[PDB]
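What follows is a short report on a single structure.
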Amino acid sequence: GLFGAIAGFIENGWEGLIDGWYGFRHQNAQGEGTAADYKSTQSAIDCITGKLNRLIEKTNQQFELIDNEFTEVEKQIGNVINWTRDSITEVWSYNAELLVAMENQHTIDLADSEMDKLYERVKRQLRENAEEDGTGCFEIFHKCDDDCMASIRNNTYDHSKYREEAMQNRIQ
Amino acid sequence: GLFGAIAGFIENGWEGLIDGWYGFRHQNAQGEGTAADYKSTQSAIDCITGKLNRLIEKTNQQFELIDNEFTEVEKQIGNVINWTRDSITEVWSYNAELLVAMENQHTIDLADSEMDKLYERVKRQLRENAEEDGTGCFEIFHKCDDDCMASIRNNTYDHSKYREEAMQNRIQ
Amino acid sequence: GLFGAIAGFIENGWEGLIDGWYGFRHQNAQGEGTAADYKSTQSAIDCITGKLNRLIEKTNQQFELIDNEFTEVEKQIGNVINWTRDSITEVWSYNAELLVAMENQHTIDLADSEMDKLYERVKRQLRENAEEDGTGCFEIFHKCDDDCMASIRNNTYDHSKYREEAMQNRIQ
Amino acid sequence: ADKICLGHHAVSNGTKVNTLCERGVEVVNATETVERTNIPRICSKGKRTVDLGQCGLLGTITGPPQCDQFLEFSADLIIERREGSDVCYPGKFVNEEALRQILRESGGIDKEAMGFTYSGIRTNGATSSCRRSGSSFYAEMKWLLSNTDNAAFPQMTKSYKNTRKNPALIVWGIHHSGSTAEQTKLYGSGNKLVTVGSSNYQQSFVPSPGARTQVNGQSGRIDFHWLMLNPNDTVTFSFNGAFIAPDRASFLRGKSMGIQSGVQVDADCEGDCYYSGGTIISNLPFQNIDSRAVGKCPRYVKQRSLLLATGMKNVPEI
Amino acid sequence: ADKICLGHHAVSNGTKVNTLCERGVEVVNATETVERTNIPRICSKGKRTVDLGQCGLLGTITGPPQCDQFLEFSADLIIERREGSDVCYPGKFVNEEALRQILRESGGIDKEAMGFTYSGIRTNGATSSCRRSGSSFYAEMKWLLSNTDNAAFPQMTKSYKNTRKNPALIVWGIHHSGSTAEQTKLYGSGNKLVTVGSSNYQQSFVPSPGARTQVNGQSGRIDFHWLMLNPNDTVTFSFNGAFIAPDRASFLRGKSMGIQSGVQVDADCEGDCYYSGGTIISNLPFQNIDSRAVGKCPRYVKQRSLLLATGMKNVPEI
Amino acid sequence: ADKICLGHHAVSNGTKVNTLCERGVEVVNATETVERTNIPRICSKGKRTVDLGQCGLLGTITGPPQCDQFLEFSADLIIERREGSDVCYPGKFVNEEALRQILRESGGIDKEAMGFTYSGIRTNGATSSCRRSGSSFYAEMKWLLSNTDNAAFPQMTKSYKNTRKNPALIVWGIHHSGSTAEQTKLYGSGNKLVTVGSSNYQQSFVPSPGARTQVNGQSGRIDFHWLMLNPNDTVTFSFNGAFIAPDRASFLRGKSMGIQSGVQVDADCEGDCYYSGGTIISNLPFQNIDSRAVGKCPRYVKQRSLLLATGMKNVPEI
Ligand SMILES: *[C@@H]1O[C@H](CO)[C@@H](O[C@@H]2O[C@H](CO)[C@@H](O[C@@H]3O[C@H](CO)[C@@H](O)[C@H](O)[C@@H]3O)[C@H](O)[C@H]2NC(C)=O)[C@H](O)[C@H]1NC(C)=O
Ligand SMILES: *[C@@H]1O[C@H](CO)[C@@H](O[C@@H]2O[C@H](CO)[C@@H](O[C@@H]3O[C@H](CO)[C@@H](O)[C@H](O)[C@@H]3O)[C@H](O)[C@H]2NC(C)=O)[C@H](O)[C@H]1NC(C)=O
Ligand SMILES: *[C@@H]1O[C@H](CO)[C@@H](O[C@@H]2O[C@H](CO)[C@@H](O[C@@H]3O[C@H](CO)[C@@H](O)[C@H](O)[C@@H]3O)[C@H](O)[C@H]2NC(C)=O)[C@H](O)[C@H]1NC(C)=O
Ligand SMILES: Fc1ccc(-c2nc3ncccn3c2NC2CCCCC2)cc1
Ligand SMILES: Fc1ccc(-c2nc3ncccn3c2NC2CCCCC2)cc1
Ligand SMILES: Fc1ccc(-c2nc3ncccn3c2NC2CCCCC2)cc1
Ligand SMILES: *[C@@H]1O[C@H](CO)[C@@H](O)[C@H](O)[C@H]1NC(C)=O
Ligand SMILES: *[C@@H]1O[C@H](CO)[C@@H](O)[C@H](O)[C@H]1NC(C)=O
Ligand SMILES: *[C@@H]1O[C@H](CO)[C@@H](O)[C@H](O)[C@H]1NC(C)=O
Ligand SMILES: *[C@@H]1O[C@H](CO)[C@@H](O)[C@H](O)[C@H]1NC(C)=O
Ligand SMILES: *[C@@H]1O[C@H](CO)[C@@H](O)[C@H](O)[C@H]1NC(C)=O
Ligand SMILES: *[C@@H]1O[C@H](CO)[C@@H](O)[C@H](O)[C@H]1NC(C)=O
Ligand SMILES: *[C@@H]1O[C@H](CO)[C@@H](O)[C@H](O)[C@H]1NC(C)=O
Ligand SMILES: *[C@@H]1O[C@H](CO)[C@@H](O)[C@H](O)[C@H]1NC(C)=O
Ligand SMILES: *[C@@H]1O[C@H](CO)[C@@H](O)[C@H](O)[C@H]1NC(C)=O
């Protein structure tokens, strides 16, 4: 995509994530842990399903026969009929190709934008308490246990509790 | 939108803003105040009207009658005429639907991009002197009166004047 | 140009850059210097070439004559033939216009996104050691010679070497 | 102790539009791109219009009593009504749709004399089905009878050569009687045969008497044939009986456009798209009124409405 | 001391799709938008179907011995086979394609008597090429012969007036004998001529004897002509010889659809798109099976496959 | 005291293109997508071409003196010129456009003898309008006169059966004399009538003498008719007069293409898109030269130019 998150500064995906499209991975003194996010996955799935539903819409029009395949018709009118049919076929083929290419182009950019938004939200949540490393990972300058990580995962993290300790650790 | 500003980290719009699409809102010791931005509104309106004008364009071509509605024509040629007309109608309907959907998709993303650009431009001006709270707007660390707000609004803010006081307030 | 880098906060381009689309420009005690970037130029050129190749593709279909330009044909069938041809021409013209407009819209946005991605990568490489002036230039708070600039250019910069001196210069 | 920040405007009630991967998104404005209103009149200002009444389009070549004022007309727009007829004596044209399509764009006609003269026969046949002040016939054709009842009919030949710069139009007719005795009473006894010759045309015709249903109190029929002449050629008619001789030739002039409608005419207007119910005046690119409109018209679609967004997304307070 | 990180999922093997400015991009999911499978049967449930066998569509009007059970049929779907024939005596129809297109959507026919009566002449002409239990003719037409070999044939006229509210269909025939002596033997000596008249119709016909190649052991021919009658009009036939007279008139009823196929019929199904090989049942917007399908069918394209993405870009672990 | 910066390139003069919401945006580079140039020659290398001169396409079946070298030709590309004619005696074909369309893709013809023989009558009719070294006729047809002036003409019948694997093509003609006395002088007195019979074809023809305008110094006419024969059938001709007998039958071979042009031929070229002014050789997807091109050609549009962007936006130094 053109947001530089998927296949950008994030090197590769995870094959162990089976219950979502995006998730967290944490490590502290107690151990390691993994989880998944719900909102971004829902948004991506919703708009994909919307595209699929919009594609299969059915238009009701009825057509009938104009020529015969058992006994042939006069040449001069059959030539015109064949010419018109061949004219229509090219238009429909071109339309199909263009539509498929456009949708395929749009989907990937949508997914990349979702990933970038998820990253930026977490970056904004931890103000002046964590440091970026450049690979999609954060370093925290204070002690953060399982309850702290859980309170980071859902939007209920208060940065005033550990401001002084983190500032003292960063400055010196 | 896919830039995550409108209906993103900004909760809702303002119904009191009647002279523009984007604006500021300030509060200090003296009181409260509101204003509006001129560049972004013009930027959006410009090719909103551009799209309208491009769609309005009129292409000249003349068509005439090929059948009669008072006395009918021979069946074998009327069937062909009806078949061709029914073939053309579907193509035109499909084209109209696709065009409208594409333009509607593009416009919202354009507006979201404009909002995000304005926010980033304002953020870059107050280097090391203000802090982000996450709800979508800033907190200043020094004393700023109406003149300072006016200077911020029209890109005439010099951060070297209050750097020492803001740094001392932020550190301790 | 919805990423706000080209014709955004970067005032104008450089006419002295002849071996690439993006590049660096450094100044230190020894003197000035200019270079160019290779990855982003290739990234843009590749998709431009892909668009051209996808447009060149040729579809195999053969058509023949249905009327004579030396001796005329019966009026009632010639009118139908002329009507059908005039119907097809408008569809093809509309398709051509729409396709060209869409591709022209996409290309500029792609280039702007590439420029923004390069700028963001360079900004993220330098952490807590440089400051942003708001015009696309960075200010370094320590002493950087040609070797340090070359290391910055090709992703070989270690911020731990100069962290203390840069922090002391920034604080005071 | 200070705070400054930003936002966007919003409205209480928005409009719903459709996007690529959603349906029913709310915005501030939207506009309509499909036309659904018309003017129930034929708007025509700045052009010459001819409104044929009971006269049919093809009658102006032959001249029945109901087409006495449209023999040489000039117009830029031609309107035909449902009640128009082009026959006073029972009959029909052969290959009529092509002739109608030719005449619709002609822009008028001009008549020129032929100069035929006859000797030894009567050329004043009249019928009671076409009445001006008694019994009369078509104004531009002659009915050649015999000298007296049950007489003979000499074999005759006539010719005409085009002189002007443009192609001409020639029309003649054949008569089928309602019995085998009328063919004898009028044209004499024996076989009858006519032949028409040109450079690119050589045809023969023969009448076929018989009993048919009564139309307008008559049992006979008349069949009309036509041809076009290049501006150097010659046309020859050879006949022994059953001939309706032409008297004048027609030349086109200019160009125009013809429509079929059923509403009145307004002279204070301006339009370029007509159909059988009025005029379509709009700047939108699509229409949903009629599929057989003529002129400079928008495109026809089956959808009834298609809204185009104009503002941003609507996020109302609380 | 602590660290938190973000990422996305991936799969071992993906699918290749095409984008605006690249070919062969690997993603996690894709689906197909072109249909390539069909059911090799005529699936039809909830509608009345009539499966004509050796009977041709145009035979039901005239009634050859192989169409004795389809004289008055009602259906919603009509199927014609390759082996169907509509003649027992050599001959052919005139303007057959228009009649076939009219009959394919008729939905059935209903017959009504005419009431013609004849005196003097014989009306029991029979041939050996149409055998029911001996020598017989078409079940809905009469062959008017003469009283005896080399006898006279009085000139006669007959008429019929429509009464019902809908238009009627009239069919008659002309007989071209093998030699010239046969014409004298069956209809007497001298010239022969028939004429057909109505309000919008005045035609004449004359037989043309001549030797031809033997088909079904016969050398003569029969030509069938048809016309459509308005719901308040009258039709007259005048003849002296070489006439095949009608006996009943046909009226349409309802509406239906017709196809040509070569597979069997399944009564436990549901479909709306038929072609000459079976049925197409799909929700995909495109098809690549046949270009002459009828009904409610997807659009036809030349491409064999077109994949639509359903996931993000696939970046496997190194 | 160090600083690093980022930027992009620019050029002094750019090109203007059109985007979705703007007209006239300046970019660094652009290309063209509409073709407007051609080669004023018929480029054809690697295929066999036949360039008919004064010979018309339909003449090769009958063989007037100007088509003596194209009686049995083979080609992959066929070119017809404006000055070509296919008649030496006044006349015309019937239903000629279908025959021309059939012959344009045949790829050549092959002739086979028929074997007809005649006794009593003369078969050396000659005219002064088709001269080789004196007075002669068509090279593939026979004109059957009578034994002497104002004599009899016995009624005759002839037949021919196809034997090969492919359908054959049969052509015959009918003579319309310039008076009712020349018919007597040539073919004798009395009525004349011809009949043509097959399995799927039966028709009758009768001449119609009369006076017409003089073309090439002659007043009579000849009408040519044709039919196609299935590869196991038989054709029968019965006649008493007014017959132009065929002498050979034609069979198609292969396939080809045909065009109409007015420029010369170049043997050192490669092309696949032809029109009446030359060849179109391009890779662009659109063309704006002619709307009636044949072969493998790009799509035709009405616009004169459409530029495609190839670089970023241009922001010159100021
Ligand atoms: C207009 O197009 C149609 C099809 O697109 C043409 O009909 C096709 O004609 C060819 C030539 O005879 C047929 O091929 C033959 O098929 C039979 C089997 O039925 C086979 O035994 C022969 O060896 C030969 O391959 C083809 O089947 C037929 N397509 C049909 C009937 O669907 C038609 O000829 C075109 N119009 C004109 C005026 O050429
Ligand atoms: C090709 O399509 C046209 C357009 O539908 C067909 O013409 C239409 O034919 C129907 C059937 O007669 C007409 O309906 C009738 O209209 C009259 C007059 O309003 C009314 O009195 C009847 O009760 C009935 O509703 C319809 O008006 C007519 N449309 C026109 C003339 O614009 C045409 O039949 C089709 N071609 C073939 C060969 O079927
Ligand atoms: C259908 O459209 C074609 C055009 O694609 C019409 O043919 C065109 O007819 C006009 C009118 O005669 C021709 O213009 C004339 O050309 C001659 C050539 O010598 C010139 O001397 C005259 O001064 C005049 O310009 C035009 O050439 C011709 N186009 C061709 C043959 O390609 C055709 O008439 C239309 N069909 C019907 C039924 O109107
Ligand atoms: F199978 C087919 C059918 C049609 C085309 C085709 N025809 C064109 N004509 C004019 C311009 C572009 N065109 C394309 N390109 C396609 C593919 C790339 C995106 C745009 C549409 C190519 C392959
Ligand atoms: F009123 C109508 C008229 C046409 C269609 C239609 N036909 C299709 N054929 C093939 C593929 C997609 N198709 C669509 N989808 C529309 C809506 C979604 C975007 C693409 C165009 C649907 C509703
Ligand atoms: F040369 C031409 C040929 C055709 C049109 C045209 N006709 C339309 N009808 C209905 C809708 C859109 N339509 C467009 N395209 C517009 C919109 C797309 C971008 C270009 C302008 C305009 C100019
Ligand atoms: C967020 O997660 C923490 C986990 O410790 C939980 O205690 C808290 O209730 C959650 N917030 C909400 C709003 O449920
Ligand atoms: C910007 O606003 C300040 C505050 O009033 C004012 O002094 C200054 O002139 C303004 N600059 C411009 C360019 O309008
Ligand atoms: C990056 O540039 C430095 C400075 O010349 C050089 O020493 C180093 O080898 C380069 N790294 C790579 C991977 O080329
Ligand atoms: C939408 O635009 C129209 C004019 O195009 C005008 O009424 C107003 O600006 C907007 N209306 C509403 C209800 O927002
Ligand atoms: C007709 O042909 C003659 C023969 O040469 C020629 O002189 C004349 O100019 C042509 N045109 C007219 C209008 O006579
Ligand atoms: C991919 O999509 C298909 C289509 O719905 C689905 O059946 C399948 O489970 C999906 N697989 C994965 C790995 O997402
Ligand atoms: C139509 O038929 C009815 C039969 O009831 C008759 O009364 C009516 O007069 C007929 N129409 C005309 C115009 O004669
Ligand atoms: C623009 O592109 C063409 C070919 O793609 C190239 O020859 C030309 O040099 C380019 N323009 C510039 C300024 O380089
Ligand atoms: C033609 O029919 C005969 C039988 O009458 C048969 O022997 C012959 O094989 C047939 N010809 C072809 C080419 O099938």
Side-chain angles (χ1 to χ4, degrees), chain A residues 65-89, chain B residues 62-66, chain C residues 61-89, chain D residues 97-102 104-106 165-167 213-216 228 230-231 252 255, chain E residues 82 161-167 199 229-234 260-262 275-277 289-294 300 302, chain F residues 82 97-102 104-106 165-167 228 230-231 252 255 260-262 275-277 289-294 300:
Chain A
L65 288 172
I66 38 166
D67 47 356
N68 205 353
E69 80 163 294
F70 292 161
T71 96
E72 217 182 297
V73 294
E74 197 241 334
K75 281 241 159 25
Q76 214 196 358
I77 192 95
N79 279 339
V80 178
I81 294 170
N82 281 10
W83 177 65
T84 310
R85 189 179 289 130
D86 294 3
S87 301
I88 295 280
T89 298
Chain B
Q62 168 135 345
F63 284 104
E64 288 121 10
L65 285 179
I66 39 165
Chain C
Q61 195 36 24
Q62 162 139 344
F63 283 105
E64 285 121 8
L65 284 177
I66 41 164
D67 49 353
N68 207 357
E69 80 164 292
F70 293 159
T71 94
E72 217 183 296
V73 293
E74 194 238 342
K75 285 241 144 53
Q76 216 198 0
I77 192 95
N79 279 340
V80 176
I81 295 170
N82 279 8
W83 176 65
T84 313
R85 191 180 289 131
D86 292 2
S87 299
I88 297 282
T89 301
Chain D
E97 200 52 45
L99 194 46
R100 264 179 213 132
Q101 283 173 5
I102 284 174
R104 256 176 215 142
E105 55 66 359
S106 79
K165 169 174 316 332
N166 281 312
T213 180
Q214 274 208 52
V215 173
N216 282 332
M228 284 264 249
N230 265 309
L252 318 180
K255 78 190 325 313
Chain E
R82 190 169 213 115
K161 170 185 181 182
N162 188 354
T163 299
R164 285 150 90 132
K165 133 179 111 171
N166 279 313
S199 103
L229 186 52
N230 260 309
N232 203 308
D233 211 309
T234 315
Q260 310 174 303
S261 172
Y275 77 106
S276 85
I289 305 184
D290 197 352
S291 37
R292 305 178 53 241
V294 284
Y300 176 77
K302 323 181 301 188
Chain F
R82 191 170 213 114
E97 199 52 46
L99 191 45
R100 263 179 213 133
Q101 283 174 5
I102 283 174
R104 258 178 215 142
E105 43 149 26
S106 73
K165 176 174 290 343
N166 281 314
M228 209 99 183
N230 262 308
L252 318 181
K255 85 190 325 313
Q260 312 173 305
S261 172
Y275 78 106
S276 84
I289 305 182
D290 197 355
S291 38
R292 302 179 51 238
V294 282
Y300 175 77

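Every number for a ligand or one of its atoms is a count from 1 in the order of the listing. A, B, ... follow the sequence lines: proteins, then strands. Residue 1 opens every chain.
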Look up atom CG in B/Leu65 and atom CH2 in C/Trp83, then write down how far apart they are to the nearest 0.5 Å. 11.0 Å
CG (E/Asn230) and CG (E/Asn166) are apart, to the nearest 0.5 Å, by 11.0 Å
Sort out the contact shell of ligand 13: every protein residue with a heavy-atom distance below 4.0 Å, listed by chain and number. E/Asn232
Would you check if F/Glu97 and A/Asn79 make a side-chain contact, meaning some heavy-atom pair closer than 4.5 Å? no
Between A/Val80 and C/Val80, is a side chain to side chain contact (heavy atoms under 4.5 Å, CB included) present by the stated rule, with each step listed? CA-CA 10 Å; A/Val80 178; C/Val80 176; 5.6 Å; no
Should B/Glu64 and D/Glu105 be marked as a side chain to side chain contact (heavy atoms under 4.5 Å, CB included) after you check the CA-CA gap, both sets of side-chain angles, and the distance that decides it? CA-CA 9 Å; B/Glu64 288 121 10; D/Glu105 55 66 359; over 6 Å; no
Can you list the residues that meet the side-chain contact (heavy atoms from CB on, under 4.5 Å) rule with C/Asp67, with sequence neighbours excluded? C/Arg85, F/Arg292
Residues which pass salt bridge (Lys or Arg N to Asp or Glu O under 4.0 Å) with E/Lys302, listed by chain and number, not counting sequence neighbours: A/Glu90
Looking only at side-chain N and O atoms, does F/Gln260 offer a donor or acceptor that is under 3.5 Å from a partner on C/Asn68? yes
Check D/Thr213 against E/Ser199 and note the closest heavy-atom contact, atom names and distance. CG2-N, 3.8 Å
For ligand 3, the residues whose heavy atoms come within less than 4.0 Å (ordered by chain, then number): C/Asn79, C/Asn82
